[PDB]
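The next block is final_1.cif, given as mmCIF, C-alpha atoms.
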data_query
loop_
_atom_site.label_atom_id
_atom_site.label_comp_id
_atom_site.auth_asym_id
_atom_site.auth_seq_id
_atom_site.Cartn_x
_atom_site.Cartn_y
_atom_site.Cartn_z
CA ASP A 5 123.76 -8.24 -210.20
CA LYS A 6 126.44 -9.50 -207.70
CA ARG A 7 127.97 -7.67 -204.62
CA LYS A 8 130.79 -8.77 -202.18
CA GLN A 9 130.16 -8.62 -198.36
CA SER A 10 132.43 -9.69 -195.41
CA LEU A 11 130.51 -11.44 -192.58
CA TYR A 12 131.55 -13.06 -189.25
CA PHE A 13 130.70 -16.70 -188.35
CA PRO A 14 131.55 -19.00 -185.44
CA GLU A 15 134.23 -21.56 -186.55
CA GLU A 16 131.70 -24.47 -186.16
CA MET A 17 129.11 -22.64 -188.30
CA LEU A 18 131.51 -21.69 -191.16
CA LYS A 19 132.65 -25.38 -191.33
CA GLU A 20 128.97 -26.57 -191.35
CA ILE A 21 128.29 -24.20 -194.33
CA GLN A 22 131.45 -25.39 -196.25
CA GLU A 23 130.46 -29.09 -195.69
CA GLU A 24 127.09 -28.40 -197.42
CA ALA A 25 128.86 -26.39 -200.19
CA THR A 26 131.28 -29.25 -201.08
CA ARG A 27 128.55 -31.95 -200.62
CA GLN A 28 126.30 -30.03 -203.12
CA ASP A 29 129.32 -28.89 -205.26
CA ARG A 30 128.36 -25.25 -204.53
CA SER A 31 130.03 -21.96 -203.50
CA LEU A 32 129.65 -20.81 -199.86
CA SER A 33 127.72 -17.79 -201.28
CA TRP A 34 125.18 -20.07 -202.98
CA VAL A 35 124.48 -22.13 -199.81
CA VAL A 36 124.08 -18.93 -197.68
CA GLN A 37 121.79 -17.46 -200.40
CA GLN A 38 119.62 -20.61 -200.16
CA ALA A 39 119.56 -20.28 -196.30
CA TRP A 40 118.28 -16.67 -196.71
CA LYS A 41 115.64 -17.64 -199.33
CA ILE A 42 114.43 -20.41 -196.88
CA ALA A 43 114.46 -18.26 -193.67
CA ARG A 44 113.47 -14.73 -195.01
CA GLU A 45 109.75 -15.00 -193.98
CA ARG A 46 110.40 -16.49 -190.47
CA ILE A 47 113.04 -13.71 -189.89
CA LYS A 48 110.82 -10.88 -191.33
CA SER A 49 108.37 -11.99 -188.54
CA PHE A 50 110.99 -11.44 -185.71
CA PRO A 51 109.97 -8.47 -183.44
CA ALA A 52 112.21 -5.70 -181.93
CA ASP B 5 135.03 -18.33 -181.52
CA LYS B 6 134.55 -15.84 -184.45
CA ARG B 7 135.91 -16.05 -188.09
CA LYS B 8 135.64 -13.52 -191.04
CA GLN B 9 134.35 -14.74 -194.48
CA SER B 10 133.70 -12.76 -197.74
CA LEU B 11 130.51 -13.88 -199.57
CA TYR B 12 128.70 -12.69 -202.75
CA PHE B 13 125.01 -11.59 -202.77
CA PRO B 14 122.68 -10.13 -205.38
CA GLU B 15 122.15 -6.36 -204.69
CA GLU B 16 118.42 -6.97 -203.86
CA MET B 17 119.32 -9.75 -201.39
CA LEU B 18 122.08 -7.79 -199.54
CA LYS B 19 119.61 -4.85 -199.12
CA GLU B 20 116.87 -7.27 -197.83
CA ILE B 21 119.38 -8.61 -195.21
CA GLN B 22 120.45 -5.04 -194.12
CA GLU B 23 116.75 -3.98 -193.76
CA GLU B 24 116.21 -6.86 -191.26
CA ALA B 25 119.53 -6.01 -189.50
CA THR B 26 118.57 -2.33 -188.89
CA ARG B 27 114.90 -3.23 -188.09
CA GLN B 28 116.14 -5.72 -185.40
CA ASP B 29 119.14 -3.48 -184.44
CA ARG B 30 121.49 -6.34 -185.44
CA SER B 31 124.71 -6.87 -187.42
CA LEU B 32 124.44 -8.40 -190.94
CA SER B 33 126.43 -11.38 -189.53
CA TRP B 34 123.81 -12.00 -186.82
CA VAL B 35 120.85 -11.99 -189.28
CA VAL B 36 122.69 -14.38 -191.69
CA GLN B 37 123.61 -16.63 -188.70
CA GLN B 38 119.89 -16.77 -187.78
CA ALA B 39 119.02 -17.63 -191.46
CA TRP B 40 121.52 -20.55 -191.29
CA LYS B 41 120.21 -21.79 -187.90
CA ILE B 42 116.63 -21.72 -189.41
CA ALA B 43 117.50 -23.37 -192.80
CA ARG B 44 120.34 -25.86 -191.82
CA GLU B 45 118.04 -28.96 -191.67
CA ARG B 46 116.09 -28.20 -194.93
CA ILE B 47 119.50 -27.59 -196.69
CA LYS B 48 121.20 -30.71 -195.15
CA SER B 49 118.29 -32.60 -196.89
CA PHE B 50 119.19 -31.18 -200.41
CA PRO B 51 120.50 -33.98 -202.74
CA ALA B 52 123.43 -33.86 -205.26
#
The structure in this file should be written as structure tokens.
Amino acid sequence: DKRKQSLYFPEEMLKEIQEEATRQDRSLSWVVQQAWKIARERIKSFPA
Amino acid sequence: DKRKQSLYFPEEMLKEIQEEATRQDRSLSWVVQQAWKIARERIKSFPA
């Protein structure tokens, strides 16, 4: 069940994401979702 | 240099991100940025 969310990126980073989106013929949202799925565990281990 | 971007997430996923943001006393944007920085390489290796 989908939900819209405005985020802030550095220029360089947004362009990096869009490059992967067009390379893979994907939405921005889908690439960022895959980044989360990959990183979740490593991030959930960050401290305080 | 910052830039605003609307993305779409599943409910569950947005809530997972916000949980890490408040746990770490961070913005949503900052957590998602860290997810990208972690996953970039693995994603840049995806195919077609």
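Distance-wise, CA of residue 29 (chain A) and CA of residue 31 (chain B) end up 28.7 Å apart.
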Need to verify the contact set: residue 27 (chain B), 12 Å, only C-alpha atoms, exclusion of same-chain residues closer than 6 positions in sequence. Can you return it as a PyMOL selection string?
(chain A and resi 47-52) or (chain B and resi 20-21+35)
What does the distance between CA of residue 5 (chain A) and CA of residue 18 (chain A) come to in Å, to one decimal place?
24.6 Å
Both chains have the same sequence, so match all Cα atoms in order, fit chain A onto chain B by least squares, and return it as a PDB file with C-alpha atoms, in the frame of the given file.
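Ended up saving to selection.pdb:
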ATOM      1  CA  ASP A   5     135.034 -18.330-181.520  1.00  0.00           C
ATOM      2  CA  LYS A   6     134.548 -15.839-184.449  1.00  0.00           C
ATOM      3  CA  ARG A   7     135.906 -16.049-188.094  1.00  0.00           C
ATOM      4  CA  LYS A   8     135.636 -13.518-191.033  1.00  0.00           C
ATOM      5  CA  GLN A   9     134.354 -14.741-194.479  1.00  0.00           C
ATOM      6  CA  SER A  10     133.699 -12.765-197.745  1.00  0.00           C
ATOM      7  CA  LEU A  11     130.510 -13.880-199.575  1.00  0.00           C
ATOM      8  CA  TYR A  12     128.701 -12.691-202.755  1.00  0.00           C
ATOM      9  CA  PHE A  13     125.016 -11.595-202.767  1.00  0.00           C
ATOM     10  CA  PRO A  14     122.673 -10.132-205.384  1.00  0.00           C
ATOM     11  CA  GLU A  15     122.153  -6.360-204.697  1.00  0.00           C
ATOM     12  CA  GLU A  16     118.417  -6.965-203.860  1.00  0.00           C
ATOM     13  CA  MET A  17     119.315  -9.744-201.389  1.00  0.00           C
ATOM     14  CA  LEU A  18     122.078  -7.798-199.540  1.00  0.00           C
ATOM     15  CA  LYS A  19     119.613  -4.852-199.110  1.00  0.00           C
ATOM     16  CA  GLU A  20     116.872  -7.264-197.834  1.00  0.00           C
ATOM     17  CA  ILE A  21     119.375  -8.612-195.210  1.00  0.00           C
ATOM     18  CA  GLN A  22     120.455  -5.043-194.120  1.00  0.00           C
ATOM     19  CA  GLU A  23     116.751  -3.976-193.761  1.00  0.00           C
ATOM     20  CA  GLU A  24     116.212  -6.859-191.266  1.00  0.00           C
ATOM     21  CA  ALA A  25     119.527  -6.017-189.492  1.00  0.00           C
ATOM     22  CA  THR A  26     118.570  -2.336-188.888  1.00  0.00           C
ATOM     23  CA  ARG A  27     114.893  -3.230-188.094  1.00  0.00           C
ATOM     24  CA  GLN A  28     116.132  -5.717-185.396  1.00  0.00           C
ATOM     25  CA  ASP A  29     119.141  -3.476-184.436  1.00  0.00           C
ATOM     26  CA  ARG A  30     121.489  -6.337-185.438  1.00  0.00           C
ATOM     27  CA  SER A  31     124.718  -6.879-187.427  1.00  0.00           C
ATOM     28  CA  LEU A  32     124.436  -8.400-190.937  1.00  0.00           C
ATOM     29  CA  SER A  33     126.428 -11.385-189.530  1.00  0.00           C
ATOM     30  CA  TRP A  34     123.815 -11.996-186.821  1.00  0.00           C
ATOM     31  CA  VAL A  35     120.855 -11.989-189.275  1.00  0.00           C
ATOM     32  CA  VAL A  36     122.700 -14.378-191.688  1.00  0.00           C
ATOM     33  CA  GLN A  37     123.611 -16.622-188.698  1.00  0.00           C
ATOM     34  CA  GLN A  38     119.892 -16.775-187.785  1.00  0.00           C
ATOM     35  CA  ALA A  39     119.020 -17.628-191.463  1.00  0.00           C
ATOM     36  CA  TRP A  40     121.520 -20.553-191.292  1.00  0.00           C
ATOM     37  CA  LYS A  41     120.211 -21.799-187.899  1.00  0.00           C
ATOM     38  CA  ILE A  42     116.627 -21.718-189.410  1.00  0.00           C
ATOM     39  CA  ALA A  43     117.495 -23.364-192.796  1.00  0.00           C
ATOM     40  CA  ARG A  44     120.336 -25.855-191.819  1.00  0.00           C
ATOM     41  CA  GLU A  45     118.035 -28.963-191.671  1.00  0.00           C
ATOM     42  CA  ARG A  46     116.095 -28.196-194.928  1.00  0.00           C
ATOM     43  CA  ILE A  47     119.495 -27.588-196.690  1.00  0.00           C
ATOM     44  CA  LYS A  48     121.196 -30.709-195.149  1.00  0.00           C
ATOM     45  CA  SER A  49     118.297 -32.600-196.892  1.00  0.00           C
ATOM     46  CA  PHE A  50     119.187 -31.180-200.409  1.00  0.00           C
ATOM     47  CA  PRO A  51     120.505 -33.983-202.738  1.00  0.00           C
ATOM     48  CA  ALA A  52     123.436 -33.852-205.260  1.00  0.00           C
TER      49      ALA A  52
END
CA of residue 41 (chain A) and CA of residue 13 (chain A), how far apart in Å?
18.7 Å
